[PDB]
């Protein structure tokens, strides 16, 4: 159920393939939607989740470098997929930028994203 095209509340697109061995691979596309807004993602997920009605834990990372630009940063999303009627992936994320030693205090941003298979507006 994980495999497919997902959208967060801001309109970014998360294209993912969930492998039999627990790998996640795919592409993250920022809201703008152009070639320059595409980035590689990789992660892992629980390929044998519990059958007690719990979600499937997963995580992934995007380094914000592609052939057109480099933001010297990476974001990791940690969350769970919840299947059923309106499937969704609920996450919290950490965005860390490379910084000097003196500026390490503004290195990491924290936030939350909810992904659905329906794109919002």
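Positions refer to the first chain, counted from 1.
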Which wins on mean Cα temperature factor, 26-34 or 60-68? 26-34
Mean temperature factor over C-alpha atoms, higher-scoring stretch between 84-92 and 36-44: 84-92
Deposited CA B-factor, highest of 15, 18, 110, 104: 104
Thinking about Cα B factors across the chain, which third does residue 79 belong to? lowest
